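Q: Quick one: the structure is below, and I'll ask about it shortly.
2 protein chains.
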Amino acid sequence: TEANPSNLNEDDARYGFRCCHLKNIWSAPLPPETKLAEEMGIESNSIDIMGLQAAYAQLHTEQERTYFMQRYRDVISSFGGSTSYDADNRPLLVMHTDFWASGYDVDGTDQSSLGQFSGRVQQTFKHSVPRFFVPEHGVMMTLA
Amino acid sequence: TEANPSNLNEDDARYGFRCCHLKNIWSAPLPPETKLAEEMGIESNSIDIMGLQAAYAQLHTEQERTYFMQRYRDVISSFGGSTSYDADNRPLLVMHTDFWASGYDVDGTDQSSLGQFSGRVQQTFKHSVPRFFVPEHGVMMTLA
Numbered sequence: 047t048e049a050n051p052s053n054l055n056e057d058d059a060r061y062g063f064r065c066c067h068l069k070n071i072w073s074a075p076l077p078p079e080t081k082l083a084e085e086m087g088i089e090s091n092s093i094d095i096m097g098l099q100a101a102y103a104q105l106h107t108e109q110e111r112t113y114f115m116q117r118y119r120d121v122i123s124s125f126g127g128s129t130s131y132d133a134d135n136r137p138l139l140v141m142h143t144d145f146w147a148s149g150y151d152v153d154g155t156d157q158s159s160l161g162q163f164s165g166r167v168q169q170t171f172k173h174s175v176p177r178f179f180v181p182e183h184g185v186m187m188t189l190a
Numbered sequence: 047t048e049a050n051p052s053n054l055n056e057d058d059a060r061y062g063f064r065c066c067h068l069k070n071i072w073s074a075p076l077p078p079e080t081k082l083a084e085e086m087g088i089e090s091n092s093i094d095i096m097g098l099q100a101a102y103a104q105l106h107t108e109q110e111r112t113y114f115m116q117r118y119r120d121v122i123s124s125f126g127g128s129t130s131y132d133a134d135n136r137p138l139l140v141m142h143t144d145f146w147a148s149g150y151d152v153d154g155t156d157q158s159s160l161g162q163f164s165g166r167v168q169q170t171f172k173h174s175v176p177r178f179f180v181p182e183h184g185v186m187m188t189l190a
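Heads up: the sequence lines are chains G and H, in that order.
Counting in the working numbering, the first sequence runs from 47 upward without gaps.
Counting in the working numbering, the second sequence runs from 47 upward without gaps.
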């Protein structure tokens with residue numbers, strides 16, 4: 047929520063915000079507040095099986111959300127609807143490319159460096175954005 | 047489990063062990079220890095519907111077993127696997143035939159036996175075992 051670029055700390059303001067590690071078992075867990083048990087009210091000696099029914103259904107709607115519908119758009123999409131980018135005021139992803147950065151090793155050639163190697167990563171790349179129609183004044187931002 | 051042929055009783059040792067009657071409603075019931083109700087722990091005023099869930103699933107695995115997976119091989123086969131006869135040290139059924147034994151009646155022909163009949167069951171039969179490759183020293187036993 048940082049109001050101004052001055053509410054930003056040393057590292058961030060200069061280098062950009064941090065992002066998430068590539069998804070794996072520990073870097074992409076289930077939202078921490080994930081329900082691990084759903085309690086349902088019971089009388090003292092009886093249980094409304096018809097209620098227990100709704101109970102589950104209700105839980106469902108809750109999980110569906112927790113798991114993958116935390117954003118409004120996702121909820122709507124869930125019903126089989128749509129949402130303009132103007133609906134939840136979201137940047138419009140115009141283009142997204144990616145690649146693996148490879149390179150080569152430089153060999154050591156002097157008395158002590160001979161047999162040593164330094165890696166010089168160095169990958170070329172294109173990032174093309176198809177003609178795009180800009181409906182309203184704004185900004186086209188490209189980040190890496 | 048009888049250790050030696052001498053731990054065997056009169057009848058058995060001479061005639062062979064007893065087997066089960068042809069399957070019918072009373073000769074082929076459900077394993078006597080079959081679950082007739084599955085209890086699940088509940089707090090005092092609430093119930094974990096998510097737990098109640100696993101609870102059922104768990105029961106399932108238990109029943110699947112009780113009903114038809116009491117033998118290791120059957121359990122594995124259940125996953126869609128297999129098991130050498132050497133896995134659970136089981137005899138290898140090489141061939142199994144069967145038939146109905148019919149015969150005829152002999153008629154009584156004397157003053158008092160005339161009109162009486164004795165049944166002489168007497169059925170012929172073949173029991174053929176296709177060429178079989180014996181991988182290790184052993185025994186080929188054929189029982190009736």
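Using N, Cα and C, we set each Cβ at its ideal position, and we do this for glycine too.
When Cβ atoms are compared, which residues of the stretch 64-96 of chain H fall closer than 8 Å to chain G?
A: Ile-88, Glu-89, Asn-91, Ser-92, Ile-93, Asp-94, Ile-95, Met-96
Q: Confirm the yes/no value for this check: CB of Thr-107 (chain H), any heavy atom of the ligand COA, distance under 7 Å.
A: Annotation note on the ligand COA: not contained in the displayed structure, which lists no ligands.
Q: Suppose contacts are defined by Cβ-Cβ distances below 8 Å. Is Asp-134 (chain G) in contact with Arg-119 (chain G) by that definition?
A: yes
Q: Determine, using beta carbons only, whether residue 194 (chain G) comes closer than 8 Å to chain H.
A: A query on residue 194 (chain G) cannot be resolved here, the shown segment of chain G reaching from 47 to 190 and no further.
Q: For the candidate residues H:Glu-182, H:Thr-143, H:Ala-103, H:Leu-160, whose alpha-carbon lies nearest to that of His-173 (chain H)?
A: H:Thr-143
Q: When DSSP labels each residue in this structure, what does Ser-124 (chain H) get in the three-state scheme?
A: In the structure shown, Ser-124 (chain H) sits in a helix (DSSP, three-state: H, G or I).
Q: Let me know if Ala-101 (chain G) comes out buried or exposed under the rule of 16 or more other beta-carbons within 10 Å of its beta-carbon.
A: Counting Cβ neighbours within 10 Å, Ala-101 (chain G) comes out buried, since at least 16 surround it.
Q: Does the beta carbon of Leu-189 (chain G) come closer than 8 Å to any beta carbon on chain H?
A: no
Q: Confirm, please, whether the CB-CB distance from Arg-166 (chain G) to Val-152 (chain G) is below 8 Å.
A: yes
Q: Is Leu-98 (chain G) close to chain H, meaning its C-beta is less than 8 Å from at least one C-beta of that chain?
A: Yes, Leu-98 (chain G) lies at the interface with chain H (some Cβ there is under 8 Å from its Cβ).
Q: Determine contact between the stretch 87-102 of chain H and the stretch 125-140 of chain H, defined as no fewer than three beta-carbon pairs at a distance below 8 Å.
A: At 8 Å Cβ cutoff, the stretches do not touch.
Q: Could you say which of G:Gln-169, G:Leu-138, G:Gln-162 lies nearest to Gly-184 (chain G) if we only look at CA atoms?
A: G:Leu-138
Q: Which residues in the same chain as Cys-66 (chain H) place their Cβ atom closer than 8 Å to its Cβ, once the five residues preceding and following it in sequence are excluded?
A: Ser-73, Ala-74
Q: Have a look at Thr-107 (chain G) and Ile-88 (chain G) and give me their C-alpha separation to the nearest angstrom.
A: So the two alpha carbons sit approximately 21 Å from each other.
Q: Could you spell out where the beta strand (DSSP E) holding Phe-163 (chain H) opens and where it closes?
A: 163-167
Q: Drop a sphere of 10 angstroms on the beta-carbon of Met-187 (chain H), count the other beta-carbons inside from all chains shown, and report buried for 16 or more, exposed for fewer.
A: It is exposed - the Cβ of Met-187 (chain H) has fewer than 16 other Cβ atoms within 10 Å.
Q: If you draw a straight line from the C-alpha of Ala-49 (chain G) to the C-alpha of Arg-136 (chain G), how long is it?
A: 17 Å
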